[PDB]
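Participant: show me the folded form of this:
(one chain, ligands or ions: 1)
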Amino acid sequence: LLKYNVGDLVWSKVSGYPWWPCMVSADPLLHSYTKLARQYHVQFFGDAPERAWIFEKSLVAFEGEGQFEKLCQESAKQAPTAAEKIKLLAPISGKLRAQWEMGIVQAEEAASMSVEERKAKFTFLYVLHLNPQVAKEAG
Ligand SMILES: Cc1ccc(CN2CCCCC2)cc1-c1noc(C)c1-c1ccc2c(c1)OCC(=O)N2
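Facilitator: Residues are numbered from 1 along each chain as shown. Sure, the structure comes next:
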């Protein structure tokens with residue numbers, strides 16, 4: 001039923017990290033955004049930009065920050081060991097929490113923008129660099 005496209009907003013669950021706001025985008029070298037068990041190429045929102053391929057089973061549509069609590073809770077049932085379960089919590093403090101909060105601010109802005117608007121603003125530029133307007137607003 002679900003098939004993501006470039007510009008779609010998703011929470012991504014990665015080993016060693018809590019659910020993080022992302023945007024589906026095209027891989028700069030392969031030129032694809034999906035491949036086959038299905039994978040999608042995503043950008044991680046925040047001030048320290050990263051990209052990666054994620055499996056669909058580890059993506060959930062992004063609506064807003066309010067979803068995080070239920071994602072943390074529901075994922076606990078499928079993370080039986082302590083090191084996995086502890087990573088579901090929002091980062092305690094420091095630089096990782098500030099990155100996650102900035103990620104959420106950016107994703108919430110993207111969510112009230114159109115697909116093309118969020119793509120023009122938030123897509124990374126490749127030579128991987130942030131769009132200068134995004135970098136200035138983040139600091
Ligand atoms: C895919 C990936 C690649 C590399 C690095 C390491 N990199 C993190 C940023 C600082 C330098 C070291 C982390 C991930 C990653 N895998 O799962 C999540 C979640 C992340 C991630 C964590 C934090 C941030 C991020 C992605 O991008 C946006 C941001 O501002 N911070």
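Participant: from here on, contacts and neighbour counts on C-alpha atoms
Facilitator: Noted.
Participant: distance check, the residue nearest the centre of the chain against the ligand.
Facilitator: The centroid of the chain falls nearest to residue 22 when counting by Cα atoms, centre = their mean (1.9 Å). Using Cα to the nearest ligand atom, to the nearest Å, we find residue 22 at a distance of 9 Å from the ligand.
Participant: quick one: secondary structure of that residue?
Facilitator: strand (DSSP: H, G, I helix; E, B strand; the rest coil).
Participant: how near is it to residue 116?
Facilitator: Residue 22 is 16 Å from residue 116, where distance means Cα to Cα, to the nearest Å.
Participant: with residue 6 instead?
Facilitator: The gap separating residue 6 from residue 116 is 9 Å, by Cα to Cα.
Participant: and residue 51, by the same measure?
Facilitator: 19 Å.
Participant: quick one: which of those two has more around it?
Facilitator: residue 51 (17 against 11; other Cα atoms under 10 Å).
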